Amino acid sequence: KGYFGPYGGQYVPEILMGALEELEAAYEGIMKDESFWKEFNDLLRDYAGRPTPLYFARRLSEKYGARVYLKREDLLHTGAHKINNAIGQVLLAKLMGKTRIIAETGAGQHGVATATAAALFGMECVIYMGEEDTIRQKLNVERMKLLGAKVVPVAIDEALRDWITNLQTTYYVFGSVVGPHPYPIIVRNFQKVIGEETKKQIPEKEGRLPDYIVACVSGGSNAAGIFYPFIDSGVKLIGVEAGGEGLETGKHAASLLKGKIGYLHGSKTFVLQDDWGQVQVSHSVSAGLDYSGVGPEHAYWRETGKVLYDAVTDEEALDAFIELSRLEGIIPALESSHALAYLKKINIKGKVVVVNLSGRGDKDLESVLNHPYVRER
Amino acid sequence: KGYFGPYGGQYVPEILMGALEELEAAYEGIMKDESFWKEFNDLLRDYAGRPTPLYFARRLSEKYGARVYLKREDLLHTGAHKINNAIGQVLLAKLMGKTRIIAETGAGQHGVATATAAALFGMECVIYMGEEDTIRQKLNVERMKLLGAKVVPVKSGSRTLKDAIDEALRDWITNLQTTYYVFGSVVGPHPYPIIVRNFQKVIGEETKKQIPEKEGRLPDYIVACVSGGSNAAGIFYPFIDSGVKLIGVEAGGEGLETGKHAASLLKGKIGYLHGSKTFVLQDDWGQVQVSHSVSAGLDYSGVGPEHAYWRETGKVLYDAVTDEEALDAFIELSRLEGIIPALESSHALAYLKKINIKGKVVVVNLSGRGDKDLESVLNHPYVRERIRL
Ligand SMILES: Cc1ncc(COP(=O)(O)O)c(C=O)c1O
Ligand SMILES: Cc1ncc(COP(=O)(O)O)c(C=O)c1O
Ligand SMILES: [K+]
Ligand SMILES: [K+]
């Protein structure tokens with residue numbers, strides 16, 4: 001229970017177990033509540049904009065001699081897949097009687113999605129963010145403030161302390177399939193709607209299950225959402241981690257490829273550590289992939305071989321960012337640009353490939369243009 | 001032909017009539033071209049994201065004691081209804097054999113939507129934008145250049161939407177052989193008003209089928225913002241003479257009696273602007289005046305001739321809201337529904353306070369999202385004073 005094979009668990013201090021048991025019990029009581037999931041799927045349709053299209057990128061398919069299809073999660077409300085999980089967890093907080101929503105964010109994407117869902121349900125919202133990340137991401141900070149959320153500059157530790165201090169009224173929204181049980185299973189079950197839509201959409205366009213399904217992986221929420229309905233179906237599922245400046249450079253975030261077994265934020269999983277078990281700081285041109293750990297379900301999928309994993313560098317992601325913008329007129333998130341950049345490293349000639357476009361790249365345009373590799377290009 | 005009652009026509013230099021007649025014939029030819037409307041509707045579904053949902057705004061409905069539904073055009077690719085028209089016209093332009101696309105833009109939405117359609121169809125693109133708008137919309141300018149389009153800031157006149165159209169029209173006449181002009185609203189000479197409206201009426205057609213599934217009858221009100229009027233004509237057209245009260249909201253600026261607004265229908269006079277006989281903000285000597293609005297998308301001295309016809313016959317009711325009222329509705333929807341609306345659409349949302357809707361079914365056309373307006377809203381003196389509590 002709470003383990004994907006040997007990975008996962010609840011490796012947390014004892015002061016946090018009271019909240020986890022309450023959440024684990026409330027979530028189990030809605031696993032077979034059709035009124036909950038119907039209300040969840042109605043908001044996904046009318047509020048988030050689901051189902052998302054499965055768009056055939058003709059100009060991109062002709063470039064690689066393949067049939068590249070893009071699952072357009074960039075068209076959701078707020079512009080990223082994060083709204084799927086944020087809506088579900090705040091709905092869960094509504095059933096639990098919570099009146100206050102809190103979360104942490106580094107880039108600001110999950111912070112905006114959380115403040116959005118909190119305003120939809122009419123709850124108080126407090127977003128915790130590093131004081132350095134606030135000064136840089138002033139636009140997303142003002143987005144959250146416009147949505148009615150209080151932004152507290154300082155991270156996860158301060159937010160978790162808030163959760164325990166005000167457990168009577170406060171719910172904590174985890175942004176990815178990380179952390180202690182039951183958060184990894186909760187987020188994956190709120191994100192699998194991606195793969196379930198793709199499973200019903202790809203036969204209406206090809207009459208055949210896809211050959212490849214590619215997605216970027218940091219924490220792993222968008223990949224697990226599109227991979228889970230395709231586990232053990234013959235489709236080659238490929239997760240792409242953040243290679244940073246290079247896997248052999250120590251400036252990356254490929255937790256599955258270069259990490260070791262460890263405990264991060266309550267989860268037994270692969271964590272970037274040194275030889276002495278000290279967690280190392282990750283690095284990536286995409287702030288959405290700047291995480292030292294990875295979801296335990298992705299560690300279990302790699303061990304059992306049900307999903308393959310590789311990585312692409314920062315420069316290669318910046319190329320796929322410019323490529324999709326000029327060839328298809330879609331400005332992709334720098335996160336999803338890693339999954340698009342992997343179209344070059346595999347032979348897809350005559351194959352049907354589905355890429356999970358996890359978000360739009362409007363928020364990354366300033367960072368891409370100011371990058372020294374793009375400036376010199 | 002080409003007129004909506006007395007309004008419309010082709011009041012253009014004679015050298016433009018050859019291009020207008022060619023476009024009119026090319027458009028009338030694709031009327032039954034099932035492959036064109038299939039590829040257009042297929043791109044609307046898979047590339048733009050249609051159909052857009054009809055969202056019930058529970059907290060907004062509770063505040064006004066009504067049943068308020070939002071047509072979520074903010075969820076489309078590029079984030080505004082402008083993508084509907086940009087895809088249809090650039091597709092038409094590609095099939096006509098053109099190789100160059102130009103367009104005007106105010107806030108940058110039509111400029112992005114055109115460059116987006118130009119990149120999708122692999123066509124050279126040049127966007128004309130008022131210099132005062134380029135400095136305040138640096139994000140959209142860089143979006144356009146990333147899509148492969150050239151952005152030219154117009155430095156003449158008031159350096160806004162109207163002057164951008166002026167310079168863009170001078171480009172079109174100079175390069176009639178290769179260049180297609182994508183008009184961004186239901187304005188300009190025939191057949192542009194009818195073309196843009198027919199590409200946008202999918203909004204109203206989806207709404208007509210969605211509202212009975214949620215309420216079992218037609219709504220009492222449909223509200224949309226009107227400057228040029230393309231998003232309003234798209235949602236109004238299928239409901240003309242249906243009994244639903246259709247309300248178009250113009251930009252009142254600082255006030256309809258301050259000389260700083262863009263309410264062409266309410267304060268303008270009959271005139272000629274960019275090839276169309278319609279209502280135009282003019283002085284006593286018949287010279288077009290400079291418009292003003294907190295929203296760059298509504299900053300236009302003219303209005304579509306179809307709206308002038310609808311106002312004259314009373315098929316649509318027209319009114320205005322001020323900059324401050326639109327700013328309030330912008331903040332209101334953000335906090336009540338978690339939706340940051342375009343400042344253009346915020347004029348329609350502001351009109352919920354002006355109608356007696358206690359117990360009514362109201363559909364608001366949410367024509368776009370307000371990410372582009374964040375800085376303009378927060379830096380506005382009225383909002384800054386509100387922030388000061
Ligand atoms: C658009 C987008 N995709 C993906 C991610 C990474 O999220 P995850 O790996 O948890 O799905 C982010 C940032 O969190 C993002 O903004
Ligand atoms: C998001 C949005 N909504 C509405 C409008 C109004 O345009 P129109 O009157 O042609 O519908 C614009 C720009 O002008 C816009 O960018
Ligand atoms: K990682
Ligand atoms: K006007």
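Every chain is numbered from 1, with letters handed out A, B, ... down the list of sequences. Both ligands and their constituent atoms are indexed starting at 1 by order of listing.
- The shortest contact between atom 12 (C) of ligand 1 and any protein heavy atom is with A:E335 CG, 3.5 Å.
- The shortest separation from a heavy atom of A:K82 to ligand 1 is under 4.0 Å, placing the residue in contact.
- In this structure, B:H110 contributes its side chain and B:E104 its backbone to a donor-acceptor pair below 3.5 Å.
- Residues A:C125 and A:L147 form no side-chain contact, since every pair of their non-hydrogen atoms from C-beta on lies 4.5 Å or further apart.
- Of the protein's heavy atoms, A:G288 O, 3.5 Å lies nearest to atom 6 (C) of ligand 1.
- Nearest non-hydrogen protein atom to atom 9 (O) of ligand 1 is A:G220 N, 3.0 Å.
- At the shortest separation from atom 10 (O) of ligand 1 among protein heavy atoms lies A:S176 OG, 2.5 Å.
- Taking a cut-off of under 4.0 Å to the non-hydrogen atoms of A:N222, the atoms of ligand 1 that pass are 4 (C), 11 (O).
- Under a 4.0 angstrom heavy-atom cut-off, A:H81 registers as being in contact with ligand 1.
- To the nearest 0.5 Å, atom NZ of residue B:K162 and atom CG of residue B:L281 are 11.5 Å apart.
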Worked check of side chain to side chain donor-acceptor pair (under 3.5 Å) between A:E297 and A:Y228: CA-CA 10 Å; A:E297 190 160 38; A:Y228 181 73; over 6 Å; no
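- In the vicinity of A:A333, heavy-atom distances shorter than 4.0 Å reach the ligand 1 atoms 1 (C).
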Worked verdict on A:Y183 versus A:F174 for ring-ring contact (aromatic ring centres under 6.0 Å, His included): CA-CA 7 Å; A:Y183 278 107; A:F174 256 103; 4.6 Å; yes
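- Using a 4.0 Å cut-off to heavy atoms of A:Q109, the atoms of ligand 1 that qualify are 16 (O).
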Steps toward side chain to side chain contact (heavy atoms under 4.5 Å, CB included) verdict (A:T114, A:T105): CA-CA 9 Å; A:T114 294; A:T105 191; over 6 Å; no
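- Under the 6.0 Å distance and 45° angle rule, A:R302 does not count as a cation-pi partner of A:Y309.
- Counting the atoms of ligand 1 from 1 in the order shown, those under 4.0 Å from a heavy atom of A:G359 are 1 (C).
- Geometry at the K ion (ligand 4): O/B:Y300 and OG/B:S264 form an angle of 90°, nearest 10 degrees.
- The minimum heavy-atom distance between B:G184 and B:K82, with the atom names listed, is O-NZ, 2.9 Å.
- Backbone or side-chain N, O or S atoms of B:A262 reach the K ion (ligand 4) at under 3.4 Å.
- One finds an angle of 100° at the K ion (ligand 4) between OG on B:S227 and O on B:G302, to the nearest 10 degrees.
- Considering only non-hydrogen atoms, atom 8 (P) of ligand 1 lies nearest to A:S221 out of A:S358, A:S218, A:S221, A:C216.
- Put simply, the side chain of A:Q137 never gets that close to the backbone of A:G108: no donor and acceptor are under 3.5 Å apart.
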